[PDB]
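First the structure, in the form of structure tokens, and then the observations on it.
Chain IDs A, B, C, D, E, F, G, H, I and J follow the sequence of writing; residue 1 opens each chain.
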Amino acid sequence: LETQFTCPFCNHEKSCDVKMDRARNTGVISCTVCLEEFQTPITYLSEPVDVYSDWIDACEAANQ
Amino acid sequence: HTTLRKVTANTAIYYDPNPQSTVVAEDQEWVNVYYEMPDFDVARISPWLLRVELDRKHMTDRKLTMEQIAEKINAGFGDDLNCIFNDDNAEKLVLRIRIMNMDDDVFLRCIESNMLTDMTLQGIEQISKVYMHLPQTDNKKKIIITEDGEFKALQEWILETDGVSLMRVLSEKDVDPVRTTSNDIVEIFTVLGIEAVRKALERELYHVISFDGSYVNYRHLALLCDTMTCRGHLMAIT
Amino acid sequence: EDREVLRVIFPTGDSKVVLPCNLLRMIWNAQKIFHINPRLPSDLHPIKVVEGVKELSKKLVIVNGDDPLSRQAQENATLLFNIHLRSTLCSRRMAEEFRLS
Amino acid sequence: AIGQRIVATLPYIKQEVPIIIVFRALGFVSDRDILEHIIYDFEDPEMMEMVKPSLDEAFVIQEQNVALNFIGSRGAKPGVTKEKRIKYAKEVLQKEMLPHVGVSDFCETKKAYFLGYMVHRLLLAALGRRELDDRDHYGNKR
Amino acid sequence: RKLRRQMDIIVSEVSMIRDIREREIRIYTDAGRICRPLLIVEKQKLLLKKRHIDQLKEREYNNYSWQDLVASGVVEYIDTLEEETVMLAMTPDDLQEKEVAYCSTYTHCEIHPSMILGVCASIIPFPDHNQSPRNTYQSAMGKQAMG
Amino acid sequence: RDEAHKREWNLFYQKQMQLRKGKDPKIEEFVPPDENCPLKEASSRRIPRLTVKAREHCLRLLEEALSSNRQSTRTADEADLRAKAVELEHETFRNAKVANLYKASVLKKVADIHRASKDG
Amino acid sequence: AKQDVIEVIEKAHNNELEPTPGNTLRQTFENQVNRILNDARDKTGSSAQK
Amino acid sequence: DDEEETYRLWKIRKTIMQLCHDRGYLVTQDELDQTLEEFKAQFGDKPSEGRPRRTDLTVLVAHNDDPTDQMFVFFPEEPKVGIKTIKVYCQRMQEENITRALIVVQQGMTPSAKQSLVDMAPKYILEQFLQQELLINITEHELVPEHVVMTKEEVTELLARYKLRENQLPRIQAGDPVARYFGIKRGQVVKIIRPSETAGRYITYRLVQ
Amino acid sequence: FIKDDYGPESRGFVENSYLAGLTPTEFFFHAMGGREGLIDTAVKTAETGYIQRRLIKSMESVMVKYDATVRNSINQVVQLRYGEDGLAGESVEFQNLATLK
Amino acid sequence: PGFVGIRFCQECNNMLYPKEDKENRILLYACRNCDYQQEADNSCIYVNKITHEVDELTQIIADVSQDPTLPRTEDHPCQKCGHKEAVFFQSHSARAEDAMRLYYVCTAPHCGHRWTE
């Protein structure tokens, strides 16, 4: 699987890093280039793919 | 090696709100015989019961008693738990486990899992099985020289294990520390050294070669073993 | 003393060993070559046996040299064969069993 | 951890996924329905005790779309949009998982029944109620 | 089984297996299943009768062939999975009554036990009197022989 | 492996105990035995969480067991009863090292004396 | 030998067979059966030799 | 938990006495052949109660060659030995002018403690032992031949007789159980005497490396 | 056979001799037995070959020197005397020690 | 005691989990995704039979009497109907070491009596 994803805001490949704070059940995805940050709830089954997913979904929902 | 699981018939986690009255009449009577007076603190007690039933057959086979098992529980967990047991003259062997105040039921489940496997009542770890037999071949019999000056073979009991704990076994009381050996040559090297492993490797190779009745001159075996041990460590032929 | 040493070397009762010179067959060959009659007394002085065995033992060397290291190594290298030789070429055996001249 | 968890490995998924998640993704959310598809005699408690760890592993993913979100998440190629991912997962389940059962829509019940049968066979093997299959048996060859 | 023996809807190649201990019936029409013909046994009797042998003796004239045996439900093709559920008599002598019956519930009988051998091993005379590796060696040397 | 799981299990355990234990240990001061205590070494604190009153109750049970044995066998002397009970209690305290094990041992002794009395 | 093996089987079927130390019931039964058959083979071989 | 501990301590003491005697230190025959009853008499019987205490089992012996060469054998009560206790032992060795010591640990010793052990090596030679290792004397096993430490003059004579360099001899590791038992360091040569089924006797030499 | 038949015939006891001839079931069981040995040969060949090559490569340059020591190519002493007795293996014989027992 | 089965919530058909009433000290079975609750009566939330003394007669099914590959005997009649013929077989199941024990099934149709000797 992939842990570094392309940022939906600046389109920089592999510029997004994902941090899984399991103790607080929160995943934080941050772009290194444009410094955009997003926080989502996560479960023990969650992965950086699902944090990256929740971010894309939040973007598309907010852009409606 | 003997864990608790090897001597238990079954387990069960009940919900006994008060030890004064339990869910089984036998257990209630025995406990209230035990619960005559406050030998404890009532506040620091949980209602979650963990009842363990042992096999009289296995315990007798190992000459184990619920006192030793309870002492092992105390050693491995401490006074933070509460283990009580009935007399051995009862119909069944039973012991009850509680905790002094994750959930308590899930915690009891975790304790029961660990108690069955990790906790050891008897024996040495890594030794899974032991066979006891009287040898009929002179290679394992005790050979002595009588006062008349003759070689005499005495039949004696010897034990054969499935694992190897050579250092621990050698230190056990009534175990011969001169003859007790292993077929695992790396353990021999670790415990006894390089000359010992030289000799043991020679013996194992001789056993393998001569099992068929075939014979190879000693100097070839000696040269191989010397080649494998001359540098102070075990040199594999690889 | 050789017997005690052997008891140490072979703590079991296994007397079967692998050694260079088949002494029993050599004694049998000597008996046949020189037409030894076992039923008559021999002319072999028992002291001749002891001295002869000593010289022979001196004559077969695996580690040569006169220093103490060489002497001990030579003693060790031929210890088993020398025990066998002394227990086969005894004066008692030579006199009452092999009857060599 | 404590119990024995059952995990299914699907084609085009590089990580194992709990079986209950697969059943939920097929459209069976309630534990009762999944157990009915897996266990046919509810009076058998031992089988029920043997399946509890699988339910415990997947108790937060109580919705079909979340399960299809999960499976799509475990996939080799990660689509940026969830909609493509749930659809990709829906594609994998409908087309790549158990094709001989069916490859058309509205076949999720047949897939669920066959997966439940597979889990039932696994449970029977685990409980020692059925002998393991022999790979050299010529009836298992073509 | 009746349908397959009559060849109405189920062709002879089809395998039907009932696992009684389990509660499964498995039917296979796939390709690649190895099967062999066997004689069907009723209560304790072969369905193959003297009349079938008489008809086969004149197969040149009456056009009575092996296919007619299969059509009359006297012989059956059995694959390995179905063989797992068959009670097989080695010879019709096994169907005779004994002071102590062994099976008494035979479903099939072998046509002849020598059919277990292949082409090369079928030319060995008295192969049941040899050590098996020698039969194996002949199975290759026969392929190396000159003719 | 097993060693890694044993330490991890211990880590899981101690924190659960801490959750299940008080911030500070409400040490109930050891009750000093009355001068009339017939229990040998009544002032000892060798066995943790064991009260002198529990020892007195156990000695009372031993007294009852010895009385039953005497009446069944018609023992003559009476002073031996108290001395024997005190000696049994002291031996049990000396041997055992945990309260529950101590009580179980005393009950086992009581059962043994009861069986001996039954035998006659 | 065949009758002896039948007797051993009948004993095992009625739970009148006890496992030898270090062996489960099945291993004990197989040991007895193989002992009987090996003894029969040895006896027949000796007769043929004679 | 008490009688077993007493037996363990007695066995460790017996093995230590045998080791000291084999290393050339002065030990009395009674000390070597001390029964368990004599151990319970001279020492305590209830290690849980503190009698005997491990600090009461410390032994001091002097070499036969010269009294000034002395060796300590203390048994720390702490199951695991750290740098601090090593420093205490080093300080008392300084005070008493003792340059050698044996330390018998129950559970083990910390890596930094081992680094300290090797750090002050040239000045003080203090070695480590697990009591599990000392519960039996490995030199008495039938598989272990007789090991004899050679003097420098003997090594020179050997190398001159066989015209060898040190690196041409067979090797024994300094961490070898027998090498640790005899306390031999790198550069020393041990002479091994073993019986042979072909020659009767055979002497081989191993260099410590 | 019937299910759970543990009798000699069921489990592969051939009660016939080669002259009498085997019954079909005995024939098949005997074929299974022989197949076992054929397979064993076919696999042991390669296993043993690799072992042999490794042994040879491990001891190829060890030889007796003119000082009678055994040394490897690096001139390290492997044995101070070959076989601990300094003898070749083709000239020794089995003999019995007369004073051991 | 025996095995303790699982319960399902009446409102959402999900597995119920044991819980206690801190104020009342009684055992309850409460759902997780929902808030449904139920009063227990067994008071035994877990069981683990190490010896595995399970009844193999329960698992046997009477249909096995139709298997032509099973042996049949006329020396162990059944009591339910008195039929003299029966099939017999072994446990052939893991967790059964002394599994050479025979089990019998009556061959009379519509009787299906299983028993052991």
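For the reader, a short list of remarks on this structure follows.
Everything that follows uses one rule, which is that a contact is a pair of C-beta atoms (placed from the backbone, for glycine too) under 8 Å apart; a residue touches a chain by one contact, two chains touch by 3 or more.
Note on connectivity: the fewest steps through touching chains from subunit D to subunit E is 1.
Considering every other chain in turn, the ones in contact with both subunit B and subunit H prove to be C, I. The chain with its C-alpha centre at the largest distance from the centre of subunit G is A. Contact count check for C-I and B-I (C-beta pairs in contact): higher for C-I. Each chain gets one centre point, the mean of its Cα atoms, and the points for subunit D and subunit G are 49 Å apart. With centres set at the average Cα position, the gap from subunit H to subunit I is 44 Å. We define each chain's centre as the mean of its Cα atoms; on that basis subunit H and subunit J are separated by 64 Å.
The mean-CA centres of subunit E and subunit G are about 35 angstrom from one another, to the nearest whole unit. Each of residues 109-110, 151, 217-219, 226, 230 in subunit B touches at least two other chains.
Counting partner chains per residue, subunit J has residues 67, 69, 71, 92 touching two or more of them.
The multi-chain contact residues of subunit E, meaning those touching 2 or more other chains, are 87, 103. Those residues of subunit E that touch subunit D in the shared complex are 22, 30-34, 79-81, 83-84.
Contact residues of subunit D toward subunit B in the complex are 2. Interface residues of subunit A facing subunit D in the complex, by the touch rule stated above, are 1-2, 5-6, 8, 43, 45-47, 49-50, 52-54, 56-57, 60. Within the complex, the subunit B residues that touch subunit J are 5, 8-18, 23, 47, 55, 105, 109, 112, 116. Remark: subunit G residues 1-2, 5-6, 9, 29, 33, 37 touch subunit I in the complex.
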